[PDB]
C-alpha cells in the first residue's frame, strides 16, 4: 500500500523489543502512533556520561525502512557531533544508512558514538576544540552536563 510495509516492520521491531528487551535502551510509541517513538539511552559505564539517562525522539518516514529514521536527542548532552537542538550528525542516519539496521542497533550505535566522537568534521566546533585541546576539560564538561540534565 503506502506506509503499510513500514507499519508492519515497525510493529515487528516493537514486538522484538518488548519480547527481548536490550540492556542499552528502551523505546516505543508516543501515543497510538507507531511512526512516532520516544526512546531512552543509558550513558556508557566508565565514561563522562555514566549514570545518565538520555531521552530521544524517533520519527519513522513513510518509506521506512528504505529511508532512515529521524532521531534527535531531547536531553541536552555535551558532544562534538550532537548540537543544542539535539541533532545528531551521524553518517548511518544519512548517506551510510542501511535498511538492514533496526532502531535498536541504531540506538546502540548512537551510545557507541558518545565515547567515540569525531572532532575533525564536527557539528559543534567549540566542543571539538575543547576535545582536541584539553580532554580533561572536555570530560569534566560532559560529566557536569550529564549530572545537570541527564540525572
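Numbering follows the first chain given and starts at 1.
Higher mean CA temperature factor between 27-35 and 62-70: 27-35, per the PDB entry. As recorded in the PDB entry, 132-140 is the stretch of 132-140 and 6-14 with the greater mean C-alpha temperature factor. In the PDB entry, a CA B factor belonging to the middle third of its chain's modelled residues is recorded for residue 44. Per the deposited record, the Cα B-factor of residue 118 falls in the highest third when ranked against the other modelled residues of its chain. In the deposited entry, the Cα temperature factor of residue 104 places it in the lowest third of its chain's modelled residues.
In this PDB entry, residue 85 carries a Cα temperature factor that places it within the highest third of its chain's modelled residues.
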